[PDB]
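**Student:** Begin with these chain(s), straight out of the complex:
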Amino acid sequence: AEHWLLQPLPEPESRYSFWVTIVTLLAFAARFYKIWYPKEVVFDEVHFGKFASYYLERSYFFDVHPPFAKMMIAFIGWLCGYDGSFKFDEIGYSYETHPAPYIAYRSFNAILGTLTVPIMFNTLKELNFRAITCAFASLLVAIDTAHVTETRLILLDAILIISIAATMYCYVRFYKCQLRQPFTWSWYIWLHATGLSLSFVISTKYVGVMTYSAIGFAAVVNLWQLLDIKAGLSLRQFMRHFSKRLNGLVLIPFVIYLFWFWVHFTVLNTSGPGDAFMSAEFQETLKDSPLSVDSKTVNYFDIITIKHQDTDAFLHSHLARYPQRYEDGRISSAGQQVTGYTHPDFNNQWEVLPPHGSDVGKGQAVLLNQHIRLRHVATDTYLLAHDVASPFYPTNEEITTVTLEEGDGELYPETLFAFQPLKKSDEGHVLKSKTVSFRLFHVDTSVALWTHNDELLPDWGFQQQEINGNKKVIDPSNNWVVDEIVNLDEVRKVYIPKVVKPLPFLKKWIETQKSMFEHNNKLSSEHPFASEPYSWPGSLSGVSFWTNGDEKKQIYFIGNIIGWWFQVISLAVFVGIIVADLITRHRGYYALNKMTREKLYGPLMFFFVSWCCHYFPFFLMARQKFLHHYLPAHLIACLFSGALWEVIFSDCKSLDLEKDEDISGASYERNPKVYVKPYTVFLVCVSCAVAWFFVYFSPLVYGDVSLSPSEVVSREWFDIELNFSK
């Protein structure tokens, strides 16, 4: 496409500036519309918000994707002065109870999604297409429902898609500089800008290898043309092209990719949820967490305080006794009261004793799920649970205490407790203060100790929380932690500051990289929205991102079906045109003008092959896949479709059907007329249909409007299952 791409622009710059401004303002309006809504965690915000928090805390985490895009999200949190306190644990968590800077994160993605549109516009402008063609192709991304939904939420895809758009643009700029004058300062700038953008693509997600393949193919095709003796280059000049492109497109981008891992390991210098994925040698490079520095192994004969996780109350006892009858007339034991108390005192102190007749001595660690006894230090009594109903809950057991003589006698079984782990995998691990949650499980009656703060004991229980034996052992509200060890040896009191051992960066990176590829290939899950590659170009199914049951509102991830089908038709029509051109030429019939062919076999073939690189490799992947994996291919299909329809509405005819205009010295029409009037009417009709669809699906893009069940069902077609259709 040398003669086509070296032409002046087909229109004045003011027309391009007008249309790029309009489509950028539409893209801005579509992404920033109600950006504060929903005020809850949506979809994969549970992952990328959580990773932003771990960067701010400097806590080591593992993920299957490279660090760059997550560090960009974390960097916005850092600019907002966010500390990482909020964890984004589940979908539907309110941003009002724990203020994460979610508007700033969503706004950052909305900016990147908006800036993608003028990069797409300028890509076609640089390929010498008309301003209306550039506007239309960019509009197909500006008001696509899937591109809008993804680029307003705290997702990696806004950073991926802008980096792909920037890669395509920078490569087109590089290629025009290559056609005009190679080895100019501008040629080096655009080569290294293509490499930089390619680095950001692969540093966001490994699917970025498809963008390397697309640009790599185009760069190899152009290197082949420069290797031809007809190019007039010496082998030394060719080798200069090769070595400079290898440096700009492979070596420098690889150094920038490694730089993001170097930043990642320098920021994440504290032990965290990622430790389980790494070797002990890697974990030795991490500092102890600030929380772990105040943690200690619990031993037999340690005096401990036991704290409830949900109510912050301590397990407490005092010389007061349960009333012989509760207010409902049930009979209590008239035993010593065990209560939940929110203030630290001497009545919160329990000594951990081993079972009677055990060989277990002072300084041995308590293991999870081992039988223990708890002695209340202030009253010198054993903790006890029995078949007596609790004050407020007739089905739950009263928790009391017994004398040492009675508890070493007949009531011995009723004094047996265990620090039962929350997970069966954790049985037999060493109990530690502050870090190990457990259920305080009674061995004989099979209940867990529980407390609540919705109702307080009457005046006879000092308005303290009730402690009772809950029969629903698995209930997450039965969770306790050892808060303090009161009798900690001064040496034990002295924190043991792990000596951080250094690991060479390349060893650290190779280990993390192997773990990334192994976990990415080795993973199960399910996700009731996974989609095979054959369904993507049709947008035949989508993904539920968020639902509110009370308001009957939902966010649903789906493509603009009119826009996507228009692109499928465009791809099919182009294959038909190329096959027809090849057949007719093989018959000595030259239907198409040289300039039409330069558009078809240059920019359109470049986008078609680039789309193939972002679509067909997914048929070879056996892992879970989803519709969002097609957004890179759809982005290229928007450029392609805009370009194709300008060619179809151009004067494509050869001057002489019996003569090949590609023969050196043949006359050909250099400025094929575009039929602007019917072309503009056609583009307006398609744009109005795409805009109508975007408005019709806007309640599902924004989640901001409740739909009646009949309106929900009216948007269910193919394999689109929506919530609230009943």
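**Tutor:** The structure has been received and is ready for your questions. Numbering: from 1, shown residues only, chains lettered A, B, ... in the order given.

**Student:** can you give me the strands in chain A?
**Tutor:** According to DSSP state E, chain A carries its strands in the segments A:303-308, A:314-321, A:336-341, A:349-353, A:371-376, A:381-389, A:397-403, A:417-421, A:437-442, A:448-451, A:465-470, A:479-485, A:543-548, A:553-557.

**Student:** Turn the ones you listed into CSV, including mean neighbour count and distance to residue A:91.
**Tutor:** From N, CA and C alone the C-beta is placed, and that goes for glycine too. Listed next are the strands of chain A as CSV, based on neighbours: other Cβ atoms under 10 Å; distance: least, Cβ to Cβ, whole Å:
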stretch, mean neighbour count, distance to residue A:91
strand A:303-308, 22, 27
strand A:314-321, 20, 34
strand A:336-341, 23, 32
strand A:349-353, 21, 39
strand A:371-376, 20, 39
strand A:381-389, 22, 38
strand A:397-403, 23, 36
strand A:417-421, 22, 27
strand A:437-442, 22, 23
strand A:448-451, 27, 28
strand A:465-470, 25, 28
strand A:479-485, 20, 22
strand A:543-548, 19, 6
strand A:553-557, 23, 10
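
**Student:** Take the ones you listed and lay them out in CSV including distance to residue A:228.
**Tutor:** Formatted as CSV, these follow (distance: least, Cβ to Cβ, whole Å):
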stretch, distance to residue A:228
strand A:303-308, 78
strand A:314-321, 83
strand A:336-341, 85
strand A:349-353, 83
strand A:371-376, 83
strand A:381-389, 89
strand A:397-403, 89
strand A:417-421, 71
strand A:437-442, 70
strand A:448-451, 79
strand A:465-470, 81
strand A:479-485, 73
strand A:543-548, 48
strand A:553-557, 47
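
**Student:** out of those, nearest to residue A:151?
**Tutor:** The closest of the strands of chain A to residue A:151 is strand A:553-557. By Cβ to Cβ, the value is 11.5 Å.

**Student:** I'd like to check the angle between the closest one and strand A:543-548, please.
**Tutor:** Per axes from the mean of the first three to the mean of the last three Cα atoms, to 10 degrees, the angle that strand A:553-557 makes with strand A:543-548 is 170 degrees.

**Student:** Strand A:553-557 - contacts with which helices or strands?
**Tutor:** Under the contact criterion of 3 or more Cβ pairs under 8 Å, 6 or more residues apart in numbering; DSSP states H and E, strand A:553-557 touches helix A:145-152, strand A:543-548, helix A:676-702.

**Student:** Any idea how far that strand is from the middle of the chain?
**Tutor:** Relative to its parent chain, strand A:553-557 has a centroid offset of 17 Å by Cα atoms, centre = their mean, to the nearest Å.

**Student:** who does that strand pair up with?
**Tutor:** Partners of strand A:553-557 in the sheet, by DSSP bridges, are strand A:543-548 (antiparallel).

**Student:** how far off helix A:145-152 does the partner strand point, in degrees?
**Tutor:** Following the same axes, to 10 degrees, one obtains 60 degrees for the angle between strand A:543-548 and helix A:145-152.

**Student:** ok, back up a step: looking at the helices and strands packed on strand A:553-557, which is closest to residue A:129?
**Tutor:** With distances scored as Cβ to Cβ, the stretch of those nearest to residue A:129 is helix A:676-702 (11.6 Å).

**Student:** Mind giving me the packing neighbours of that closest one?
**Tutor:** Against helix A:676-702 (3+ Cβ pairs under 8 Å, 6+ apart) you get helix A:131-142, helix A:145-152, strand A:553-557, helix A:561-586, helix A:631-648.

**Student:** Which residue ranges make up the domains of chain A?
**Tutor:** A:8-266+A:529-713, A:303-486 (automatic domain parsing).

**Student:** All the helices of the stretch 151-300 of chain A, residue numbers only.
**Tutor:** A:157-180, A:185-204, A:209-227, A:235-246, A:252-267, A:280-283, A:290-293 (DSSP state H, counting those that start in this stretch).

**Student:** of all those helices, which lies closest to residue A:659?
**Tutor:** Comparing the helices of the stretch 151-300 of chain A by Cβ to Cβ, helix A:209-227 comes nearest, at 24.2 Å.

**Student:** same structure, new chain, call it chain B:
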Amino acid sequence: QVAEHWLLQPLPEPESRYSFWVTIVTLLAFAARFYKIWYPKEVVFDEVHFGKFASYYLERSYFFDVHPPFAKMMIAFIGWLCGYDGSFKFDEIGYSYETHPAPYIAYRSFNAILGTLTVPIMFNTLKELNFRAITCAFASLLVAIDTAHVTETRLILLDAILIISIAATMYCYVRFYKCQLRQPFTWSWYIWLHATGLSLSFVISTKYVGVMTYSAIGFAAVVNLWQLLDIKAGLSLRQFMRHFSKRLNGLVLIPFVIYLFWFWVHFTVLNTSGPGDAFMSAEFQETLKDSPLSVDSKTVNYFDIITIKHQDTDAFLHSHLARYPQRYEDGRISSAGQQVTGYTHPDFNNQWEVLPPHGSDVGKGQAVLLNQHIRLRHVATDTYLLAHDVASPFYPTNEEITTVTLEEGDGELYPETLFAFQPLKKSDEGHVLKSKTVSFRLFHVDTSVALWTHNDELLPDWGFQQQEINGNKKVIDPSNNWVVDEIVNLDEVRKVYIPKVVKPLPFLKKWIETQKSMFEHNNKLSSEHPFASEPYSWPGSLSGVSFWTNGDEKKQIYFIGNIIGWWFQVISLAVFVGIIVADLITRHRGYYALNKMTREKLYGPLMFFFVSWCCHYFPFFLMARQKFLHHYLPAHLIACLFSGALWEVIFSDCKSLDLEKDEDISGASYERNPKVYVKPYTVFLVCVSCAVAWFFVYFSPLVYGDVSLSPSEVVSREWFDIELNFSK
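**Tutor:** Take a look at chain B, now in place beside the chains above:
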């Protein structure tokens, strides 16, 4: 046209030299396949499947398989020629052919003939591509004495029929292409076109992997149609359309009719109900005649007295007046209830009356439906079958099965007497229960267990050494399967065998149903295999498959390629890619290193074999189902032709006359008869042949299974991921 000047040359040697070498390599191939063909006198590997299918064809019993019928019908046809009746079932590996005489020597001999006849077809393929007689001999020798091709083609396997049909396809297509170059639309051109189509039909009618052979020939046929579409070919569009329509007919339409013909034969031979029925619709099964034996198989009605038989242990559900001991040997407490046991002999204590639930309007003579609640009354003790939350004698997690009195079972224990004949498939819920044909789980309604029994351990003296009957919590377990064997109280009107009225089904409907079932089960889900292997390991022959083992004699058959031969082919493929890349680079630079005739060999026959190898290798990387080393034998077969051809080219005078001039330009002078350096070429081929033959002899104990190896000799043959038996 591609390689037109090369392929139109006279043969490089007299026909007597070709006749000499083809005879020698065919005699070697015969000797390698027929060596001890009677050994082992036992069922080996997949002989359990293909021997069994041969038996079902002879009995006319309907069976289902994931592969098309042609190759199995060829095996069955040898049995039919031997007067074999199909009595022997080939149920397991190691079953003796002496106790039940199947014509296994005749079946193995048929495959050994086909494996032997593959070798002269391969030889003649290269002869027709104008290669030297020694080149044809060497490429055919690489198949004649390959350990994998030998092992497969002497056992009762489909692969002998597949491989000869692929070899015949390649040969027939080369013959067709030479007729196309000389004079199109001759009688010989039609013969070879339809012979290519016929051979292609046999490939896809043997295994669906035969689509790779259609792709290889289809690509070559499209490339040649593309050359004939060229205005420079001098053909009118009418003459081109005549080529197109005749090739479409000979390579697609006729082969498809022959493929359908084998299914028509299959459904005409298999006209009786059989083990395949479970894979087909009731409408398909209505086209099958009943099985004679099942003349007494009949609808089970309420108030029928039945015997219930376990599928895996052949034991009947049995009960008697003896009681469980108050404590088992491990100290667990039993119910001290009446014993329910598995008994292998038919008696009066196997008799259970099928009763409807209490308060049902269901009368005598109404059919029992699958998954309906029922009660079972033991006829001899007048007690209801019961399951409860008491642990079984041997399995602490499984329930004890007992019986209760009528008064107690009609009282508080009523829920614990409720059973269902639970179908194996959810699709079969609400169907009529029938004796002998309908497998079910005997499901307890209250505790959600299935009745189960085993024969690895028998009850102690208090349980008369009978099988335990227990309530298995793993309901879905295939070992929980039961059948109604007999209806003891059957009325004379029902007793009279009811000759099912056979209903006709249109052939295309029958074929479409079977074909959908074939593809669904082939890509059903498969699993993992102690011998499954991935495509990347095949060209190296890095792992093999155990086919047979005898523990007493320490003998084994192991399926593996001739590693020297396979690595020589990998090197050959790599060298050719290097030659093509070097030719392309040098030409771009205006340097014409290679003579026109050398290029016609490289871009004609060698490229045809290279693309054909690619079609038989690379598509397996896109397949997510289980795969095995034998799937590469079609690609290896093509790689043998390729490697023989390539090394003749390397040992030829490949130089252009003028390195600055393209000899492909019209009117350029080129050397028409490039000299082969026959002396160093023959020494090279003899050295490689001696190495391949040495390897074949060294592995021959594992090909034939006929020699016991010491543990050190076994370990000396273990390399890479080759695990052999008796290494300890």
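
**Student:** Take what packs on helix A:676-702 again, chain B included.
**Tutor:** helix A:131-142, helix A:145-152, strand A:553-557, helix A:561-586, helix A:631-648 (3 or more Cβ pairs under 8 Å, 6 or more residues apart in numbering or on different chains; DSSP states H and E).

**Student:** Give the buried residues for it.
**Tutor:** Neighbour-count burial for helix A:676-702 flags A:679, A:683, A:686-687, A:690-691, A:693-694, A:697-702 (criterion: 16 or more other Cβ atoms under 10 Å in any protein chain shown).

**Student:** Please identify the nearest residue in space to residue A:627, excluding sequence neighbours.
**Tutor:** residue A:531 (4.9 Å; Cβ to Cβ, 6 or more residues apart in numbering or on different chains).

**Student:** Any chance of the backbone angles for that neighbour?
**Tutor:** As for residue A:531, its main-chain torsions (degrees, to the nearest 10) stand at phi -140, psi 140.

**Student:** Tell me who's in contact with the one residue in the stretch 551-700 of chain A that gets nearest to chain B.
**Tutor:** Closest to chain B within the stretch 551-700 of chain A is residue A:588: 5.3 Å, counting by Cβ to the nearest Cβ. Residue A:588 is in contact with A:658, B:231, counting by Cβ atoms under 8 Å, 6 or more residues apart in numbering or on different chains.

**Student:** next one: residue A:462
**Tutor:** Neighbour list for residue A:462: A:320, A:339 [criterion: Cβ under 8 Å, 6+ apart].

**Student:** ok so, going back, now tabulate the buried residues of helix A:676-702 in CSV and tack on distance to residue A:257.
**Tutor:** Formatted as CSV, the buried residues of helix A:676-702 follow (distance: Cβ to Cβ, whole Å):
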residue, distance to residue A:257
A:679, 43
A:683, 40
A:686, 39
A:687, 39
A:690, 36
A:691, 39
A:693, 38
A:694, 36
A:697, 37
A:698, 38
A:699, 40
A:700, 37
A:701, 33
A:702, 36
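
**Student:** what's the closest of those residues to residue A:83?
**Tutor:** For the buried residues of helix A:676-702, the nearest to residue A:83 is residue A:702 (29.9 Å; Cβ to Cβ).

**Student:** What residue, apart from its backbone neighbours, is nearest the closest one spatially?
**Tutor:** Using Cβ to Cβ, 6+ apart, the closest residue to residue A:702 is residue A:34 (5.6 Å).

**Student:** quick one: the one you found and residue A:705 touch, right?
**Tutor:** No. The criterion here is Cβ atoms under 8 Å, and residue A:34 misses it with residue A:705 at 10.1 Å.

**Student:** Give me the distance between residue A:421 and residue A:428.
**Tutor:** 9 Å (Cβ to Cβ, to the nearest Å).

**Student:** Identify the contacts common to those two.
**Tutor:** Residues touching both residue A:421 and residue A:428 (Cβ under 8 Å, 6+ apart): A:368-369.

**Student:** Residues of chain A that sit close to chain B?
**Tutor:** Chain A has residues A:227-229, A:586-588, A:619-620, A:622 near chain B, with proximity defined as Cβ under 8 Å from any Cβ of the partner chain.

**Student:** Now the buried members of those residues.
**Tutor:** Taking 16+ other Cβ under 10 Å as the criterion, what is buried in the residues of chain A next to chain B is residue A:227.

**Student:** Show me how far stretch A:79-86 is from its chain's centre.
**Tutor:** On Cα atoms, centre = their mean, the centre of stretch A:79-86 falls 18 Å from the chain's centre.

**Student:** nope, stretch A:519-528 is what I meant
**Tutor:** For stretch A:519-528, the distance to the chain centre is 14 Å (Cα atoms, centre = their mean).

**Student:** got the CA coordinates for that stretch in PDB?
**Tutor:** In PDB, the C-alpha atoms belonging to stretch A:519-528 read as follows (Å, rounded to 0.1, in the frame of the first residue of the first chain):
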ATOM      1  CA  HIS A 519      -1.900 -22.200  37.800                       C
ATOM      2  CA  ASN A 520      -3.300 -20.600  34.600                       C
ATOM      3  CA  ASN A 521      -3.300 -24.000  32.800                       C
ATOM      4  CA  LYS A 522      -4.100 -25.900  36.000                       C
ATOM      5  CA  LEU A 523      -7.400 -24.300  37.300                       C
ATOM      6  CA  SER A 524     -11.000 -25.600  37.500                       C
ATOM      7  CA  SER A 525     -13.800 -23.400  38.800                       C
ATOM      8  CA  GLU A 526     -16.800 -23.100  36.400                       C
ATOM      9  CA  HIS A 527     -18.400 -19.600  36.100                       C
ATOM     10  CA  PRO A 528     -22.000 -20.000  34.600                       C
END
